[PDB]
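Peer 1: Residue numbers (the entry's author numbering), protein chains in the order written: chain A, 4699 to 4747; chain B, 4021 to 4253, 4540 to 4587, 4627 to 5037; chain C, 4796 to 5037. I have a structure here, written as structure tokens, and I will follow up with some questions on it.
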Ligand SMILES: Nc1ncnc2c1ncn2[C@@H]1O[C@H](COP(=O)(O)OP(=O)(O)OP(=O)(O)O)[C@@H](O)[C@H]1O
Ligand SMILES: Nc1ncnc2c1ncn2[C@@H]1O[C@H](COP(=O)(O)OP(=O)(O)OP(=O)(O)O)[C@@H](O)[C@H]1O
Ligand SMILES: Cn1c(=O)c2c(ncn2C)n(C)c1=O
Ligand SMILES: [Zn+2]
Ligand SMILES: [Zn+2]
């Protein structure tokens, strides 16, 4: 788990897996509870773009 | 809560799709608005506590005083996407805001936190009971959907068990499992004890009674560990510090047993650097090293190891010994009450346990650890008519007059505070019995040996080598591997005895005929006749003949060119086959099949656990006609953990407040009849047609 | 690769490359899986051997030390148990390897006032190390073979007594002639449940039929209730299908 922490921030996380929109589902699930901006920083994604 | 405990009562005894359950479902439909208000009140505050814990809330707060403005609180409630507008306004209204409009979010989170817990649990029980007894109803599951949050929160604490009620039908009982009980049941020690009990009961035993003795023991272990962890949660102050010290030892007893082993390795590693030389640094043993303080290190480690061993003995006296004395007091009081082992019958005159336990009966403090403190007064009321009340009084040491005096008003004075009172109030008889039990215990004897070797280590440090064997009892794997040998120990010892007999037969033959062949001497001046005496010749065979790979033929001289040559060939060859080959093969085979049997036993029990329910006895085949039905029936319907939490619920609950089914179970526990356990039946079976 | 490169520094490193055969062919992988199955117990057994031999080294160092003279000429004595380091190495090396035990190596106890104790010492060394402990090691290997064989028969017989998906046994499905085989590779075939997914994934969402859409929505939300557990088309319509 601690090693896998590195790859979350990267923009090319789901490189081989089918879902290329996993980050945008983690946001839509946990953003309310833990802050959309915080999830954006953890997943490296930018909200505006 | 009282209203719902009544509604629940009416539903008692009610079959699936019964009249009363359907009537209350019609009720709740008719009171839909009000019921929804109640459920959504509980939902509001149960969600509210979680939001108060959420990170978004704590980065919306600004004041270091831990207070949030009403507007800030409001926009926090909006951003959590969780409540609607009007209920956000309601929460703001409930906010104990000051004139500055600043809310203490912890206090507002927790004001309704405790008062609503019991009523919430009762509502959860009511909804679950109606759902399970009226399964096919469009109208109730609406309420269940609204109350999903309450059911989720009170799920961990809502235990259900099925029993066989008086009406000869399986009935489900819903009760409350407290937080402490659940936390204590999941603790590692209790879980290990659980798996041992399962292993023992599945290898052999009467199930229901053994479970109940497993529950009762566990309930006493729970007491002891809460007592031990209590501290972590003039003579008076020293007594307080003494209790703290002994509880600290008991709490981390295993760490002490682990450090003791570490010290044994450390010392024995120090012990490797010895040298024996005539010249002082008779003959003198001394360490050889370049450092210089190998030796003071050894001296400190010897004392520290001895101290740790003594501390472990104290830890054992305060952690595990009370359970042992409980399991003997418990069994004796049953043998005394239900079987009359000393009233009617008498100990079998070959069992040391009964005759030893005879001492403690006369003592006034017999049930010191067991729950029943009135066992003597029940043995009297049962057997006094048959065998004389006075005789039972003498056997149990109780006095008849003061027995009824305590039934009247009874005044007692507090004894003067003095160590002499402690010293003299000791019941020498009960203590003698207790220590006889303790020194009879295997683990205590092992720890005592460990201490004795540690002390003798100061007479000569090499005794610390014995302390290495602790590893066998330390780690699991060597305990399994050595359990292989100890499984067939009896056959191994008898095989070794058979070897001695056979070798003695060969010694007989060698002594009578082939004696010129046993000259283990090189020079002709000195002959070394090894079979001149049968003592020497038997020792010769038993020592070198068995150990030699070829057999006795390798050691003794050659038979070539002798008139007994052919007989010697037969003798040596049959020695090789019947001792070196077959008998050693038998010994090794006992070991191999011991491994096989132990592996078989573990797979044996384990596969039992996943093919049948522990309580029901019904197989997984029936319960899997529904998707994953067996798992649900395992840890929802008939869960052995829940049947323990029942007992701790009953014992705690006040007798006046026991419900009908609970009272029925309790009266049976006390009289020790186990018909309430569902055997060969289940709620699915009882109502198979209606539940469909 | 690293051994192959070091093979140019000294060609003998290519010898390590032979161990590849263990990972190459199936049979040696099974045979070595025997040892690796009970590797933990084997290592602990070897450790126990060291502890026991150390105990014997303690006893030998204290009492039976005159018997450890591995020297022929009287001018040069070769005291092997003068130091505990040397004496432990002596036992651990030659005592364990000797067939008889430590009694074969050390000198004879005949005609000595510790003779009887030496007899007990050597004999119990033979039983508790050469016989029992080596038997334990070999027994771990044998039962490893037995367990692996049992596991393969275990799974295999499962596969031919119950359907993988349904969970129902072959007894029900064989009330009809060869019914179990049909229910295996016609009705509930695990290969077909994979070809479904590759059918759904490929198919255009607009064109998913009702049942296909229902399955797809469940795959995506990751609920597995659509798999038939404990039921089959034969069971559902047993009366009508007859
Ligand atoms: N009445 C029963 N109560 C509990 N378990 C049962 C019962 N009947 C059968 N079982 C079997 O017991 C198994 C679980 O036992 P176990 O003690 O491992 O549960 P656990 O909570 O997972 O324990 P651990 O966490 O130690 O593994 C289940 O697989 C189930 O098949
Ligand atoms: N749902 C299922 N799907 C597939 N096979 C099943 C199922 N349930 C049970 N089986 C068992 O699986 C066995 C076939 O497995 P296997 O993979 O060998 O099939 P196969 O196509 O012959 O494979 P191979 O060609 O490698 O032997 C059958 O004998 C059958 O009893
Ligand atoms: C107090 N008490 C009881 O009264 C009891 C019991 N088990 C059965 N009964 C009746 N246990 C474990 C118990 O602690
Ligand atoms: Zn059950
Ligand atoms: Zn199938």
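Using N, Cα and C, we set each Cβ at its ideal position, and we do this for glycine too.
Cβ of residue 4980 of chain C versus every heavy atom of ligand 2: is any distance shorter than 8 Å?
Peer 2: yes
Peer 1: Flag residue 4957 of chain C as yes when its Cβ comes closer than 8 Å to any non-hydrogen atom of ligand 2, and as no otherwise.
Peer 2: yes
Peer 1: If the cut is a Cβ gap below 9 Å, which residues of chain A does residue 4075 of chain B touch?
Peer 2: 4731, 4732, 4733, 4736
Peer 1: Starting from the C-beta of residue 4154 of chain B, find all residues in its chain whose C-beta is less than 7 Å away, skip the five residues before and the five after it, and write them out in chain order.
Peer 2: 4037, 4041, 4042, 4045, 4160
Peer 1: Return the CA-CA distance between residue 4030 of chain B and residue 5004 of chain B, expressed in angstroms with no decimal places.
Peer 2: Rounded to whole angstroms, residue 4030 of chain B to residue 5004 of chain B spans 11 Å at the Cα level.
Peer 1: Touch check for the stretch 4786-4793 of chain B and the stretch 4658-4673 of chain B: three-plus C-beta pairs under 8 Å?
Peer 2: yes
Peer 1: Name the chain A residues whose beta carbon is nearer than 9 Å to that of residue 4098 of chain B?
Peer 2: Per Cβ cutoff of 9 Å: no residues; residue 4098 of chain B is ~10 Å from chain A at best.
Peer 1: So if I threshold CB-CB distances at 8 Å, which residues from the stretch 4928-4945 of chain C count as touching chain B?
Peer 2: 4930, 4931, 4933, 4934, 4935, 4937, 4938, 4941, 4942
Peer 1: Are the CB atoms of residue 4583 of chain B and residue 4877 of chain C nearer to each other than 9 Å?
Peer 2: yes
Peer 1: Could you give the residue range of the beta strand (DSSP E) that holds residue 4791 of chain B?
Peer 2: Note, residue 4791 of chain B: premise wrong, no beta strand (DSSP E); alpha helix (DSSP H) at 4787-4801.
Peer 1: Any heavy atom of ligand 4 inside 8 Å of the beta-carbon of residue 4983 of chain B?
Peer 2: yes
Peer 1: Enumerate in chain order the residues of its own chain whose CB-to-CB distance from residue 4180 of chain B is below 6 Å, with the five nearest sequence positions on each side excluded.
Peer 2: 4192, 4194
Peer 1: Look at residue 4708 of chain B and residue 4775 of chain B and say whether their C-beta atoms are less than 9 Å apart.
Peer 2: yes
Peer 1: Give me the subset of the stretch 4971-4999 of chain B whose CB atoms are less than 8 Å from a CB atom of chain C, sorted by chain position.
Peer 2: 4971, 4972, 4973, 4974
Peer 1: Mind checking if residue 4820 of chain B is an interface residue toward chain C, Cβ cutoff 9 Å exclusive?
Peer 2: Output row for residue 4820 of chain B: interface = yes.
Peer 1: Is there a Cβ of chain B sitting closer than 9 Å to that of residue 5082 of chain C, yes or no?
Peer 2: The question about residue 5082 of chain C has no answer, for chain C in this structure spans 4796 to 5037.
Peer 1: My parser needs the beta strand (DSSP E) runs of 3 or more residues fully inside the stretch 4114-4164 of chain B; what are they?
Peer 2: Runs of the beta strand (DSSP E) lying entirely within the stretch 4114-4164 of chain B and spanning at least 3 residues, in chain order: 4122-4124.
Peer 1: So, is residue 4569 of chain B buried or exposed, given that buried needs 16 or more other C-beta atoms within 10 angstroms?
Peer 2: Buried, by the Cβ-count rule.
Peer 1: With residue 4985 of chain C and residue 4960 of chain C assumed to form a contact (beta carbons below 8 Å), what rounded beta-carbon distance in angstroms separates them?
Peer 2: 7 Å
Peer 1: Does any residue of chain A have a CB that is nearer than 9 Å to the CB of residue 4079 of chain B?
Peer 2: Yes, because at least one Cβ of chain A sits closer than 9 Å to the Cβ of residue 4079 of chain B.
Peer 1: For residue 4979 of chain B, count neighbouring Cβ atoms within 10 angstroms of its own Cβ and tell me buried if that reaches 16, exposed if not.
Peer 2: buried
Peer 1: Which two residues bound the contiguous beta strand (DSSP E) that contains residue 4583 of chain B?
Peer 2: Where residue 4583 of chain B is concerned, the enclosing beta strand (DSSP E) stretches over 4580-4583.
Peer 1: Does the distance between the C-beta of residue 4963 of chain B and the nearest non-hydrogen atom of ligand 4 fall short of 8 Å?
Peer 2: The answer is yes for residue 4963 of chain B.
Peer 1: Can you tell me whether residue 4812 of chain B is buried or exposed, with buried defined as 16 or more other CB within 10 angstroms of its CB?
Peer 2: buried
Peer 1: Please confirm whether any heavy atom of ligand 2 lies closer than 8 Å to the CB of residue 4954 of chain C.
Peer 2: The answer is yes for residue 4954 of chain C.
Peer 1: In chain A, which residues lie less than 7 Å from residue 4101 of chain B when you measure between Cβ atoms?
Peer 2: 4730
Peer 1: Taking all protein chains shown into account, decide if residue 4722 of chain A is buried (16 or more other Cβ within 10 angstroms of its Cβ) or exposed.
Peer 2: exposed
Peer 1: Going along the stretch 5016-5032 of chain C in order, which residues come within less than 8 Å of chain B, judged by CB to CB distance?
Peer 2: 5020, 5024, 5025, 5026
Peer 1: For the stretch 4861-4889 of chain B, which segments carrying the alpha helix (DSSP H) assignment without a break, of at least 4 residues, lie completely within its bounds, in sequence order?
Peer 2: 4879-4885
Peer 1: Using DSSP bridges, identify the partner residues of residue 4180 of chain B.
Peer 2: B:4194
Peer 1: Using only alpha-carbon positions, find the residue among B:4070, B:4743, B:4769 that is nearest to residue 4760 of chain B.
Peer 2: B:4769
Peer 1: For the candidate residues B:4109, B:4092, B:4171, B:4100, whose alpha-carbon lies nearest to that of residue 4122 of chain B?
Peer 2: Nearest of B:4109, B:4092, B:4171, B:4100 to residue 4122 of chain B, Cα basis: B:4092.
Peer 1: Would you say the beta carbon of residue 5015 of chain B comes nearer than 8 Å to a heavy atom of ligand 3?
Peer 2: yes
Peer 1: Would you identify the three-state DSSP class for residue 4367 of chain B, choosing helix, strand or coil?
Peer 2: In the model as presented, chain B runs from 4253 straight to 4540, which leaves residue 4367 of chain B without coordinates.
Peer 1: Could you tell me whether the Cβ of residue 4825 of chain B comes closer than 9 Å to any Cβ of chain C?
Peer 2: yes
Peer 1: For a contact meaning CB atoms closer than 7 Å, what does residue 4836 of chain C contact in chain B?
Peer 2: Here the neighbours are 4822, 4826.
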